[PDB]
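What follows is a set of notes on a single structure, which appears directly below.
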Amino acid sequence: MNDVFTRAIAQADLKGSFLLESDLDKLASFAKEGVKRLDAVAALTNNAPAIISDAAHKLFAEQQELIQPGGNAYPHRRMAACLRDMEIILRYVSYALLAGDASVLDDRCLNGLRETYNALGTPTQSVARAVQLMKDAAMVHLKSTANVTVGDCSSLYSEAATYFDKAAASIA
Amino acid sequence: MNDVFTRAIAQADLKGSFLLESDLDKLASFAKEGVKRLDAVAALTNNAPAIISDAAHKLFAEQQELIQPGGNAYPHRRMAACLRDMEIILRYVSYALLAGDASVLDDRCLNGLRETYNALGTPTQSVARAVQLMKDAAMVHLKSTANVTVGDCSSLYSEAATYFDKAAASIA
Amino acid sequence: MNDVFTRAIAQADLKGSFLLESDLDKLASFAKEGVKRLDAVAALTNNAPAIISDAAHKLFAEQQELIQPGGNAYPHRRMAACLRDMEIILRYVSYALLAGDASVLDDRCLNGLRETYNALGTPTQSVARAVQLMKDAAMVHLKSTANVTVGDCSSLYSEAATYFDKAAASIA
Amino acid sequence: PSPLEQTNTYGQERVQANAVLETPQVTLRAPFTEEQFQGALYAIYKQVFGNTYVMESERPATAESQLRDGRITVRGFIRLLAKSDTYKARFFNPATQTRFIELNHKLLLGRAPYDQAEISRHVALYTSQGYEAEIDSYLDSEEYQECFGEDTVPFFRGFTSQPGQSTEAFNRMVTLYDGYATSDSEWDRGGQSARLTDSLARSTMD
Amino acid sequence: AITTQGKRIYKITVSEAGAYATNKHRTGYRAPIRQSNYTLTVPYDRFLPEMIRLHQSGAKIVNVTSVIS
Amino acid sequence: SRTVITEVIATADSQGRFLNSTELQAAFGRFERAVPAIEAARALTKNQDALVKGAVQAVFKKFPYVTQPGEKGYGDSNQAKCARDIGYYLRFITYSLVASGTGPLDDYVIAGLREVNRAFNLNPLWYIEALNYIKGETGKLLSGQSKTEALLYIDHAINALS
Amino acid sequence: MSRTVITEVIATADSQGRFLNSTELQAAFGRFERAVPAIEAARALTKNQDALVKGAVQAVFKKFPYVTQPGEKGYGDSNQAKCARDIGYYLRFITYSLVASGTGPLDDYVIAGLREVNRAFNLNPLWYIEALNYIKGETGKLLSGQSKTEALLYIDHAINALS
Amino acid sequence: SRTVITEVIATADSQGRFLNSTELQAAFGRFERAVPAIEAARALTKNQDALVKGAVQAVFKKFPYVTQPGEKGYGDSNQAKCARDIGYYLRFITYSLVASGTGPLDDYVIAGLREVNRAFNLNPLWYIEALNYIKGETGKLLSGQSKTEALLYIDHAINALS
Amino acid sequence: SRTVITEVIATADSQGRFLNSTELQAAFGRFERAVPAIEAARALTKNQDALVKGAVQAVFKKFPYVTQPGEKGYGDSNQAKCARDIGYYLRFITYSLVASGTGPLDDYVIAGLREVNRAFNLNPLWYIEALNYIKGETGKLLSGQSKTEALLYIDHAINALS
Ligand SMILES: CCC1=C(C)/C(=C/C2=NC(=C\c3[nH]c(/C=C4/NC(=O)[C@H](C)[C@H]4CC)c(C)c3CCC(=O)O)/C(CCC(=O)O)=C2C)NC1=O
Ligand SMILES: CCC1=C(C)/C(=C/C2=NC(=C\c3[nH]c(/C=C4\NC(=O)[C@H](C)[C@H]4CC)c(C)c3CCC(=O)O)/C(CCC(=O)O)=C2C)NC1=O
Ligand SMILES: CCC1=C(C)/C(=C/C2=NC(=C\c3[nH]c(/C=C4\NC(=O)[C@H](C)[C@H]4CC)c(C)c3CCC(=O)O)/C(CCC(=O)O)=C2C)NC1=O
Ligand SMILES: CCC1=C(C)/C(=C/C2=NC(=C\c3[nH]c(/C=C4\NC(=O)[C@H](C)[C@H]4CC)c(C)c3CCC(=O)O)/C(CCC(=O)O)=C2C)NC1=O
Ligand SMILES: CCC1=C(C)/C(=C/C2=NC(=C\c3[nH]c(/C=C4\NC(=O)[C@H](C)[C@H]4CC)c(C)c3CCC(=O)O)/C(CCC(=O)O)=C2C)NC1=O
Ligand SMILES: CCC1=C(C)/C(=C/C2=NC(=C\c3[nH]c(/C=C4\NC(=O)[C@H](C)[C@H]4CC)c(C)c3CCC(=O)O)/C(CCC(=O)O)=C2C)NC1=O
Ligand SMILES: CCC1=C(C)/C(=C/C2=NC(=C\c3[nH]c(/C=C4\NC(=O)[C@H](C)[C@H]4CC)c(C)c3CCC(=O)O)/C(CCC(=O)O)=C2C)NC1=O
Ligand SMILES: CCC1=C(C)/C(=C/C2=NC(=C\c3[nH]c(/C=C4\NC(=O)[C@H](C)[C@H]4CC)c(C)c3CCC(=O)O)/C(CCC(=O)O)=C2C)NC1=O
Ligand SMILES: CCC1=C(C)/C(=C/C2=NC(=C\c3[nH]c(/C=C4\NC(=O)[C@H](C)[C@H]4CC)c(C)c3CCC(=O)O)/C(CCC(=O)O)=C2C)NC1=O
Ligand SMILES: CCC1=C(C)/C(=C/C2=NC(=C\c3[nH]c(/C=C4\NC(=O)[C@H](C)[C@H]4CC)c(C)c3CCC(=O)O)/C(CCC(=O)O)=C2C)NC1=O
Ligand SMILES: CCC1=C(C)/C(=C/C2=NC(=C\c3[nH]c(/C=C4\NC(=O)[C@H](C)[C@H]4CC)c(C)c3CCC(=O)O)/C(CCC(=O)O)=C2C)NC1=O
């Protein structure tokens, strides 16, 4: 389970050379962006109830067969599992965001989810669509400037979007 | 774990509709005759040591390749496993009878026992023959009406016979 | 586990007969040579750390592409794992020698290690030269009669040879 | 450098389970705060029930409150949790007793069983003294205690050589883990069939 | 357990005598060193195995009191 | 789900022992208690739409501000969802009555209730009010054995809500 | 999976994550030195198994003759054949454990599950107790010295398992 | 691997919450100290070769008796190996600086050093005086908080070797 | 309660080992963040009364249907207890700022919050909105860092309320 720094260390060790000065500069730039990254992670943490709820209402507006009798999340426990998997996906993406790279998900969170949802009979595309709706809600919250030092987190918005979309692809 | 009544509720929720009138009338008829099934399983349980003793006695009467060295039940441990195997088979079928459903029997005994015996080298037809001796002794002790009021229990005998039938089919 | 005497008794049960006089003859021969067996196993135990050390020396001199970076022994935790591996495999083959029956080797040592190493990325061929260097180092101490009465153990010597041959063909 | 690259944890991620070798055990020793009360509880819950989600209404408030006071060790709370009906409903209820014992090994010792002789002995114990006796055997087994302790949360010690452990346990729990996502409910049909029995069959003979 | 015998839990007060400490040191401190004196709650059902395992651990019982009667 | 026979089976299986007199007595008791429970099931079956509409309008009486725009009760589709939820509750109560226990009810609503309540801000007091109205009106629809047992199912669900 | 001296030695040494110390090597030597009298006992008991089994049959008949009465489970030609086969199995396994110099063969082969056999088949151990008592009475002259007490130990272990 | 961000991320994952003030505050501290530590590691890379070769010579000036023909220290490939190993030690120290966590040392060299030394009879004290040499130079070649943290990491490296 | 150094010492005693870098850096983090939290505590010390009052009026305002007679909002003792509650919460918030951690706030209000919330009909969202008001004035009273961590602590209080 690697961050940008730890991974960089890993491949630098793989070539068996010292860290390259340019790599040092990239890590320094990451250090510069660290405060923005912490703002982003804190914002993601703060708006967790609102984001999970809003994603739920979009999902349920656009799909109803999930809640139909026998629908893949029909009972209260099963609907709760439906929502809590999407929130745990948010959990792990936030984890990667603070960690600064997308290794942690493919390491542990989405290591074997495909076969799990096939075995559960879960339609993958539904989980994917939930992921993009989570993405929409998340970007909506992150573009907010509430009580934050103004700047340019466009890199962070794009990179969290990469998290979301690659996780959604891995769901498939 | 599911019984025929529980499976009826299951289909009721699968269509999402309330319990019907005809099927609930059938359930009431089952409830009034539940005493019959209770008496049948009571006869099974009281005569269970006798039933297993007689079935095993005729089992070793017909088959002799087991008591000989290299037989599937030669050492005390192996035929002990055999004996408790028939014991467990009859016990789980009695559970199925109380449920009226083989789903408990399937979930307990038949989820993975056949490949278990394949790995062990145990032949299945021997176990099926043991099951049929089980049914012979069981119907002998149950179709007797000693110390109990007499009545029509052909449905109960048929249900127990069919449950041993599906058990034998699953194992072999 | 199943020692040589245990294997004799097991095959006797498989044929369901008493021991032959010739059986007791081989078993008495094994019992009388057990003293030389104990001398051999003591030779193993006394030099075991030394043996694993110099065997590793010949291995890594023979194969330099591993201690260097990018090798599955580089990060020096893999030093610990590798050394423990030689230690434990020599320990189990010592167990096999003492018992005189390679069964315990097969069970406790090499039931499924091939998949273990392949799923770990370890090239087992290296392990095969590892164990043959192990025998090369050990046989010197075995021939060492320092502080022990001299004698012929060509039977024991060949037995250990075939033991490590089993280990080689196994892990290969 | 080598023609082929081998990173530090490379074995950890090529095997389906990496973080378990990195994620530590948890202990609850001295009076402490609600935050990691619930943290340790969630860890234990994901641990013991094979990555099945432990639904909130299922938990006994009295047992966790008593553990909060500490009249019991964590081991006693594990025992009481094993006595919970929902535990049997998840594992004892839909699965065969051999598959039951394999799952119980995985979830109470973190490792697959060593040999089919262990399987036979443990089934014999279950047959002789009912359900809870086998669980009490695991939680009273000495290697569990000395390896974990009265106050340590059980974890997956698989993918890690245990003192005098069979070479088969690694392979079996590799086949049995298959990631975080693998739940052992009555669904997914994997917690019902005894995946290990075929491998265990080879152990008795040679 | 539910039986009249199964109830009547008995409190057990345990001291890590020198024998237990010597045993634990040589077996290895795979668990944190906890203080010598500690009370433990043990029902009738598992009453025997408690001081059995403590005796194989080398520890000795301080005293035992009965919760019920 | 969990019906008296199912706990009997599972418990007997636990200790690895056959059935005994006590569990057969419990099964017997279930068998005679089923008939009043079946009658209660019929009574709640033929009154379903009135049950739903009365509960929704009682919620209106105690919680009319909920129907105000910008809140949950506002919206025709929202109210269709309210009625559908209450109908699901009553159907599971019927399953509970026919089950001689709370097995299916627990399994299909009580497993995961407060979680969704927090999720969509679904106040359990709303459903407490709805089931209190159902209790009051079943005070008229039913009588005697069926009334009392259906009341115990409904107020068990209520206490689970609380 | 039979328990013997060397096998339990290997298991214990594997258990502690250690090699074989002085104690296990000395125990192995003791096993080698004690095997030869066990070998003599096994061979001598192998020679004269016919007389032992027939005398055991008549002795168990003499102890409780009522089992041989008609209408009892002991009466019958098949019953006699089974008695002879069973006692032959006992002496087979006792010689086996003498050879292994450990009760483990007997343990696994008979002592595993014997009790449920006796309860499910009403075969009270008393008849097999008498059989083993006759075996010890006859072997009190068949063997000598160490082999005598060696055989006595394992047959009495079988008795204690039966009792 | 192991580094303050990674312990935080694990103890928030395996514990199952969202992060609060303490851990993000630690992240603030790490992301701010990066520049001192990172330029320090840059300097270490900038002066590494003198460090390693003078470390070899320092060992010999303290351990000449290990060098004579007929004992372990004698040997040309032996020498190349000596420089190689101390090179990795310096290297992993640099990685530790970059990660701002004692992790890389733990994962690679502190993981299982003791028994491989016992296998090869490698006296850790050798590496200890090599690192003492290293700290003697870094006292001058580096300044302020950077020399502080570098000294701290190499001290913990000795404590491992100790 | 616990401060950051409390987890520091608890962990270090848990492994029974001496403190390495990371927890000492946490000690820093706390020390340099102390001052901003210090003026945050200063401000909250000066402003408390109006904060409590405005919380009372705001919760009466955006929840109008609780104010009228016949429910929780009506009854003088009710809003007296509201005022004492808000005073206690923001005092624990000051404690959180001083401790630079959730310790006092958590172990004083957060423990057992939900079961009390439905054990006395006290709607939590009442308290979420009270703390939202408190955010309302603190968005003007404080500035910079003090504002930032005060915001975070009141956010965590809300999050545990939510
Ligand atoms: C592990 C090797 C092995 C042993 C040890 C063995 C003993 C043995 N003999 C049996 C039958 C029997 N054995 C006897 C002999 C009895 N008659 C009396 O005098 C005495 C109590 C005793 C002999 C002294 C009899 C009469 C039966 C018939 C029981 C029946 O089938 O009803 C059975 C029950 C299985 C069956 O009835 O077919 C066993 C286990 N069989 C084996 O394969
Ligand atoms: C209690 C924990 C804590 C947090 C979270 C925190 C945030 C924080 N973010 C900062 C800078 C910043 N913060 C942001 C992020 C914002 N700007 C835009 O991008 C977005 C609207 C928004 C993203 C959420 C940016 C972009 C900077 C300046 C850095 C840069 O532009 O590269 C600063 C420095 C203020 C300055 O010197 O001007 C702080 C203190 N401080 C803390 O003590
Ligand atoms: C605690 C367990 C339990 C037992 C043992 C029990 C015996 C029992 N079975 C009954 C019903 C009965 N059960 C049977 C079935 C029996 N008769 C048939 O011939 C078969 C041989 C056999 C079943 C295989 C019959 C015929 C009745 C009476 C008819 C009826 O159900 O009304 C009744 C009610 C008789 C009455 O109300 O007048 C009793 C007391 N009841 C129990 O609650
Ligand atoms: C603690 C367990 C134990 C051990 C270790 C043991 C060793 C041992 N080996 C002996 C004889 C012997 N030992 C050996 C074996 C050695 N000579 C061969 O050259 C080989 C190089 C080597 C074996 C690999 C031989 C050949 C004899 C002579 C006995 C004979 O004539 O067969 C003796 C009797 C005389 C003496 O004291 O040396 C002992 C005690 N005895 C024990 O009770
Ligand atoms: C029961 C006895 C037993 C055996 C047989 C055994 C083999 C074994 N070696 C392993 C890892 C390993 N094994 C090795 C050694 C190999 N790699 C290099 O190529 C060397 C040349 C070569 C040594 C011959 C290494 C370096 C690892 C570390 C791989 C990793 O951690 O990912 C593992 C996985 C986890 C572990 O135990 O460390 C097993 C199970 N383990 C046991 O407990
Ligand atoms: C460690 C990381 C992690 C993963 C990978 C994970 C997946 C996961 N999903 C599960 C069940 C579930 N998961 C879902 C969610 C999906 N199905 C529906 O189609 C929804 C549309 C969709 C949501 C987007 C549902 C509905 C269930 C309940 C199915 C059942 O078991 O009956 C379970 C069973 C847990 C238990 O109940 O004990 C797991 C482990 N959970 C985790 O904690
Ligand atoms: C076996 C099941 C079980 C029982 C029986 C149980 C009772 C129980 N109450 C306790 C203390 C306590 N008891 C009380 C209640 C009293 N103090 C005042 O508030 C009230 C006037 C009064 C209640 C009417 C309090 C407040 C504490 C702990 C003090 C604290 O929280 O610091 C404790 C010790 C520490 C604790 O867990 O709180 C136990 C074990 N807990 C259990 O898990
Ligand atoms: C709940 C579902 C379930 C059941 C009931 C079950 C029975 C079962 N049979 C087993 C093996 C066995 N089963 C038998 C019985 C067979 N051999 C005899 O000769 C007969 C021909 C035949 C029985 C009629 C034997 C002898 C073994 C021992 C394996 C062996 O020695 O090869 C074992 C493992 C060994 C042990 O229990 O000690 C189980 C658990 N397994 C399950 O998962
Ligand atoms: C297992 C069968 C099942 C049940 C029981 C169930 C309850 C349920 N009702 C819901 C929506 C709803 N539920 C209500 C009803 C409440 N809100 C207030 O206005 C009323 C006072 C009160 C009615 C008494 C409303 C208005 C909605 C729509 C808005 C929302 O909560 O998302 C939702 C969220 C998803 C959706 O339906 O769009 C669930 C899970 N869902 C199920 O699949
Ligand atoms: C498991 C299902 C079940 C329930 C729920 C149950 C309650 C119950 N108790 C009864 C007898 C009764 N129960 C009570 C007790 C009540 N009345 C008093 O005023 C108190 C308010 C209260 C006691 C504190 C009384 C007074 C009677 C009638 C007289 C008698 O006890 O014989 C009756 C017979 C009346 C009828 O059938 O309508 C029922 C149904 N019985 C059951 O088999
Ligand atoms: C990155 C982590 C890492 C570690 C910990 C490490 C230790 C290490 N030291 C080795 C050799 C060695 N290293 C030393 C110690 C050095 N030479 C002595 O002269 C000096 C006192 C001292 C330097 C100051 C020695 C004596 C050997 C044995 C050389 C041999 O016998 O072949 C070897 C390989 C065996 C060989 O091919 O010679 C390793 C793996 N290697 C690593 O890559």
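Chain lettering (A, B, ...) mirrors the order of the structure tokens, residue numbering begins at 1 for each chain separately, and ligand numbering begins at 1 in order of display.
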Neighbourhood of ligand 5 at 6 Å, counting only C-alpha atoms and all ligand atoms, reported as a PyMOL selection string: (chain C and resi 72-73+78+81-82+85-86+88-89+108-109+120+122-123+126-127+130) or (chain D and resi 10-12+159-161+165-167+170)
Selection file, N, CA, C and O atoms, as an mmCIF file, in the first residue's frame:
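That gives us selection22.cif:
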data_model
loop_
_atom_site.group_PDB
_atom_site.id
_atom_site.type_symbol
_atom_site.label_atom_id
_atom_site.label_comp_id
_atom_site.auth_asym_id
_atom_site.auth_seq_id
_atom_site.Cartn_x
_atom_site.Cartn_y
_atom_site.Cartn_z
ATOM 1 N N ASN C 72 14.235 -11.102 -5.678
ATOM 2 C CA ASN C 72 13.347 -11.458 -4.580
ATOM 3 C C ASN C 72 14.104 -11.896 -3.337
ATOM 4 O O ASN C 72 13.533 -12.585 -2.490
ATOM 5 N N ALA C 73 15.386 -11.559 -3.240
ATOM 6 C CA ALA C 73 16.126 -11.607 -1.993
ATOM 7 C C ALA C 73 16.753 -10.264 -1.647
ATOM 8 O O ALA C 73 17.270 -10.101 -0.538
ATOM 9 N N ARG C 78 13.849 -10.559 2.690
ATOM 10 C CA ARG C 78 13.912 -11.790 1.938
ATOM 11 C C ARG C 78 15.183 -12.571 2.246
ATOM 12 O O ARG C 78 15.187 -13.793 2.101
ATOM 13 N N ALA C 81 13.702 -14.524 5.136
ATOM 14 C CA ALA C 81 12.827 -15.582 4.649
ATOM 15 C C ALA C 81 13.627 -16.705 4.004
ATOM 16 O O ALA C 81 13.378 -17.883 4.272
ATOM 17 N N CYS C 82 14.606 -16.359 3.169
ATOM 18 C CA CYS C 82 15.407 -17.364 2.486
ATOM 19 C C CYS C 82 16.197 -18.213 3.469
ATOM 20 O O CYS C 82 16.203 -19.448 3.370
ATOM 21 N N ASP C 85 14.058 -20.496 5.207
ATOM 22 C CA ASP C 85 13.639 -21.575 4.321
ATOM 23 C C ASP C 85 14.676 -22.688 4.277
ATOM 24 O O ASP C 85 14.330 -23.868 4.414
ATOM 25 N N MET C 86 15.953 -22.343 4.084
ATOM 26 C CA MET C 86 16.967 -23.397 4.127
ATOM 27 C C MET C 86 16.970 -24.085 5.484
ATOM 28 O O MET C 86 17.054 -25.316 5.571
ATOM 29 N N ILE C 88 14.558 -24.544 7.660
ATOM 30 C CA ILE C 88 13.424 -25.421 7.905
ATOM 31 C C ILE C 88 13.452 -26.626 6.971
ATOM 32 O O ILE C 88 13.046 -27.726 7.359
ATOM 33 N N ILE C 89 13.932 -26.460 5.734
ATOM 34 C CA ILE C 89 13.959 -27.611 4.838
ATOM 35 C C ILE C 89 15.012 -28.612 5.295
ATOM 36 O O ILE C 89 14.783 -29.827 5.268
ATOM 37 N N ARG C 108 4.865 -32.483 5.823
ATOM 38 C CA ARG C 108 5.078 -31.217 6.511
ATOM 39 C C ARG C 108 5.898 -30.244 5.672
ATOM 40 O O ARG C 108 5.828 -29.031 5.896
ATOM 41 N N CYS C 109 6.671 -30.743 4.706
ATOM 42 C CA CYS C 109 7.573 -29.901 3.934
ATOM 43 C C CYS C 109 7.014 -29.547 2.562
ATOM 44 O O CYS C 109 6.873 -28.366 2.236
ATOM 45 N N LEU C 120 4.521 -16.557 -5.255
ATOM 46 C CA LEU C 120 5.398 -15.559 -4.661
ATOM 47 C C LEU C 120 6.447 -15.030 -5.629
ATOM 48 O O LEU C 120 7.201 -14.124 -5.260
ATOM 49 N N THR C 122 9.059 -16.600 -6.646
ATOM 50 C CA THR C 122 10.344 -17.238 -6.427
ATOM 51 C C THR C 122 10.637 -18.238 -7.543
ATOM 52 O O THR C 122 9.790 -19.079 -7.866
ATOM 53 N N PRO C 123 11.812 -18.166 -8.164
ATOM 54 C CA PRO C 123 12.172 -19.198 -9.133
ATOM 55 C C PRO C 123 12.702 -20.447 -8.451
ATOM 56 O O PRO C 123 13.817 -20.469 -7.927
ATOM 57 N N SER C 126 16.287 -22.044 -8.597
ATOM 58 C CA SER C 126 17.247 -21.558 -7.621
ATOM 59 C C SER C 126 17.173 -22.371 -6.343
ATOM 60 O O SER C 126 18.204 -22.725 -5.773
ATOM 61 N N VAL C 127 15.962 -22.683 -5.884
ATOM 62 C CA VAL C 127 15.821 -23.463 -4.661
ATOM 63 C C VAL C 127 16.395 -24.863 -4.863
ATOM 64 O O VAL C 127 16.919 -25.478 -3.927
ATOM 65 N N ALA C 130 19.798 -24.673 -4.467
ATOM 66 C CA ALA C 130 19.997 -24.417 -3.047
ATOM 67 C C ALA C 130 20.089 -25.722 -2.274
ATOM 68 O O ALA C 130 21.028 -25.935 -1.500
ATOM 69 N N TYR D 10 6.307 -7.126 -2.996
ATOM 70 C CA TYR D 10 5.804 -7.726 -4.232
ATOM 71 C C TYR D 10 5.016 -9.003 -3.971
ATOM 72 O O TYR D 10 3.926 -9.195 -4.530
ATOM 73 N N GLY D 11 5.535 -9.869 -3.099
ATOM 74 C CA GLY D 11 4.800 -11.067 -2.735
ATOM 75 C C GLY D 11 3.467 -10.759 -2.082
ATOM 76 O O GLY D 11 2.496 -11.498 -2.252
ATOM 77 N N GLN D 12 3.403 -9.662 -1.324
ATOM 78 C CA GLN D 12 2.167 -9.320 -0.631
ATOM 79 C C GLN D 12 1.044 -8.984 -1.608
ATOM 80 O O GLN D 12 -0.103 -9.388 -1.392
ATOM 81 N N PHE D 159 -0.646 -16.485 5.248
ATOM 82 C CA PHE D 159 0.409 -15.869 4.442
ATOM 83 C C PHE D 159 1.653 -15.590 5.281
ATOM 84 O O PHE D 159 2.548 -14.853 4.863
ATOM 85 N N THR D 160 1.711 -16.181 6.470
ATOM 86 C CA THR D 160 2.810 -15.982 7.402
ATOM 87 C C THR D 160 3.082 -17.303 8.097
ATOM 88 O O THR D 160 2.173 -17.894 8.686
ATOM 89 N N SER D 161 4.326 -17.763 8.017
ATOM 90 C CA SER D 161 4.686 -19.046 8.602
ATOM 91 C C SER D 161 4.550 -18.983 10.116
ATOM 92 O O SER D 161 5.199 -18.165 10.777
ATOM 93 N N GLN D 165 4.056 -24.858 11.440
ATOM 94 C CA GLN D 165 2.794 -24.876 10.715
ATOM 95 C C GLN D 165 2.970 -25.608 9.392
ATOM 96 O O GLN D 165 4.058 -25.602 8.806
ATOM 97 N N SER D 166 1.895 -26.242 8.931
ATOM 98 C CA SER D 166 1.949 -27.046 7.717
ATOM 99 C C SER D 166 2.127 -26.171 6.481
ATOM 100 O O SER D 166 1.620 -25.050 6.404
ATOM 101 N N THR D 167 2.849 -26.710 5.496
ATOM 102 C CA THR D 167 3.002 -26.011 4.224
ATOM 103 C C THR D 167 1.668 -25.849 3.505
ATOM 104 O O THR D 167 1.529 -24.978 2.639
ATOM 105 N N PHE D 170 -0.760 -22.309 4.097
ATOM 106 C CA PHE D 170 -0.542 -21.155 3.232
ATOM 107 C C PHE D 170 -1.352 -21.275 1.950
ATOM 108 O O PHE D 170 -2.102 -20.361 1.590
#
Helix (DSSP H, G or I) residues, from DSSP on the backbone, in chain G, as a PyMOL selection string: chain G and resi 5-15+22-47+49-63+65-68+77-100+104-111+114-121+125-142+145-162
Shell around region 41-46 of chain B at 9 Å using only C-alpha atoms, local window under 5 positions removed, as a PyMOL selection string: (chain B and resi 36+51+90-91+94-95+97-98+138-139+141-142+144) or (chain F and resi 18-21+24)
Keeping C-alpha atoms for every residue in the selection just given, could you write it to a file as a compact mmCIF listing (two decimals), in the first residue's frame?
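Dumped to part14.txt:
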# COMPACT_ATOMS: atom_id res chain seq x y z
CA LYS B 36 -49.72 -35.58 13.13
CA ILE B 51 -34.06 -47.79 13.73
CA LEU B 90 -31.94 -39.26 9.67
CA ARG B 91 -31.70 -36.30 12.06
CA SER B 94 -36.46 -35.19 10.60
CA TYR B 95 -35.57 -31.50 10.71
CA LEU B 97 -40.04 -32.92 8.07
CA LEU B 98 -40.63 -30.45 10.90
CA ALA B 138 -38.32 -45.91 10.18
CA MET B 139 -41.55 -46.82 8.40
CA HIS B 141 -41.57 -48.15 13.68
CA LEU B 142 -43.75 -45.24 12.51
CA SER B 144 -47.05 -48.80 14.20
CA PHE F 18 -32.63 -34.80 18.32
CA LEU F 19 -35.83 -33.03 19.30
CA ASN F 20 -37.40 -33.43 22.74
CA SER F 21 -40.76 -33.01 24.42
CA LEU F 24 -42.64 -30.43 20.36
Within 12 Å of region 62-68 of chain A using only C-alpha atoms, minus same-chain residues under 2 positions, as a PyMOL selection string: (chain A and resi 55-60+70-80+82-83+122-123+125-127+129-130+133) or (chain B and resi 13-17) or (chain F and resi 81+84-85+88)
Proximity to chain C - best of G:59, G:93, G:64, G:78, only C-alpha atoms: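 Using only C-alpha atoms, chain C sits closest to G:93.
Here the question is which of E:63, E:13, E:57, E:69 gets nearest to residue 27 (chain E) using only C-alpha atoms, and that residue is E:57.
Fit chain H to chain I on the Cα trace, atom for atom in sequence order, and the RMSD comes out at 0.8 Å.
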Selection near region 97-100 of chain H, 6 Å with only C-alpha atoms, sequence-local residues under 3 positions removed, as a PyMOL selection string: chain H and resi 37-38+94
May I have the selected residues written with C-alpha atoms, as an mmCIF file, in the first residue's frame?
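Final output, saved to result-v3.cif:
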data_model
loop_
_atom_site.group_PDB
_atom_site.id
_atom_site.type_symbol
_atom_site.label_atom_id
_atom_site.label_comp_id
_atom_site.auth_asym_id
_atom_site.auth_seq_id
_atom_site.Cartn_x
_atom_site.Cartn_y
_atom_site.Cartn_z
ATOM 1 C CA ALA H 37 14.339 16.706 4.619
ATOM 2 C CA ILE H 38 14.120 16.558 0.840
ATOM 3 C CA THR H 94 18.115 8.965 2.025
#
Selection within 12 Å of ligand 4 by only C-alpha atoms and all ligand atoms, output as a PyMOL selection string: (chain C and resi 29-46+97-98+138-160) or (chain G and resi 20-33)
Contacts of ligand 1, 8 Å or closer, only C-alpha atoms and all ligand atoms, given as a VMD selection string: (chain B and resid 56 to 57 60 to 61 64 66 to 69 73 to 76 79) or (chain G and resid 56 to 57 60 to 61 67 to 68 73 to 76 78 to 87 89 to 90 109 to 110 114 117 121 123 to 128 131)
Contact residues around region 112-126 of chain I with only C-alpha atoms at 7 Å, ignoring same-chain residues under 3 positions, as a list in words: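 Close residues of region 112-126 of chain I: residues 59, 109, 129, 130 and 161 of chain I.
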